Every structure is written in C-alpha cells, then in structure tokens.
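To start, the structure itself, in structure tokens.
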Amino acid sequence: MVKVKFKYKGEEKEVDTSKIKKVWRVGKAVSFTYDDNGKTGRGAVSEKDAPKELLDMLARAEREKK
DNA sequence: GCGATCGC
DNA sequence: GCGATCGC
C-alpha cells in the first residue's frame, strides 16, 4: 500500500494514504489531516519526503473548485 | 509566516 | 480565539 512517514510531537508515524483526509501545501511542505482511529490527526512532510501518492492527492486538492 | 487543524 | 504543530 502507500504509507506516508512523518513526525508529530515526537511520534514518528507512518499512515496509509487511504486514511488521509485533506492535503494542502504550506510553504514547501505538504500538510494533511488523516483519520487517526476516530480522531483527526495532523501531519506534514517536506515535498521530497512525500510519496507520489500524497503529491497526487495534493494535486487533486489543488484542482478543487469552489 | 505560510494552511489548516486540533485541542484547549 | 489562539498556541502548537509541521517544514522551512
């Protein structure tokens, strides 16, 4: 499958892109929210660390219209 | 500070 | 409403 590896307040997680909910660019980073077993988690990676799948999801988000 | 959110 | 949070 495709997991994104990231750090958040220490906890170095690696979430299934299928659990990613929203993705957006903040500066040169790719930020996102994800389903964290019911809660909404937050993560961000540098673009070089972002697997293509996440960048595909980002491009999809970037094409969204009103 | 940028986006966007959570968690308070 | 905003600090923390991520990368930078």
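Below, chain A is the first sequence line, B the second, and so on; all start at residue 1. Computed from heavy atoms alone, side chains included, the values below leave out hydrogens, waters and symmetry copies.
- Note on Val26(A): it does not cluster hydrophobically with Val30(A), by side-chain heavy-atom contacts below 4.5 Å among ILVMFWY residues.
- Taking atom NZ of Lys39(A) as the reference point, atom P of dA4(B) lies 25 Å away to the nearest angstrom.
- With DNA chain B read from its 5' end, the first of the two nearest nucleotides for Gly43(A) and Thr40(A) is the one closest to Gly43(A).
- Residues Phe32(A) and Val45(A) meet the side-chain proximity criterion, which asks for heavy atoms closer than 4.5 Å.
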Discussion item. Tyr34(A) vs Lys13(A), test: side-chain contact (heavy atoms from CB on, under 4.5 Å). Steps then yes/no.
Written reply: CA-CA 11 Å; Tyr34(A) 59 104; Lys13(A) 301 206 66 186; 3.3 Å; yes
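- Separating the CG atom in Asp36(A) from the NZ atom in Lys21(A) is a distance of 8.5 Å, to the nearest 0.5 Å.
- Between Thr33(A) and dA4(B), a side-chain N or O to OP1/OP2 separation shorter than 4.0 Å is absent.
- Taken residue by residue, residues 5-31 of chain A places heavy atoms nearer than 4.0 Å to DNA chain B at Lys22(A), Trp24(A), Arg25(A), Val26(A), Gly27(A), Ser31(A).
- One interatomic measurement links the two molecules: CZ of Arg42(A) to P of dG7(C), which rounds to 13 Å at whole-angstrom precision.
- Rounded to an integer number of Å, the gap from CG of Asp35(A) to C1' of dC6(B) is 14 Å.
- Nearest heavy-atom pair, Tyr8(A) versus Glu11(A), reported as atom, atom and distance to 0.1 Å: O-CG, 2.7 Å.
- Candidate nucleotides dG7(B), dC8(C), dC6(C) were compared by shortest atom distance to the side chain of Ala44(A), and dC6(C) ranks first.
- Listed by first and then second residue, the side chain to side chain donor-acceptor pair (under 3.5 Å) pairs involving residues 54-66 of chain A are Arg25(A)-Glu62(A), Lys52(A)-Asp56(A) (not counting sequence neighbours).
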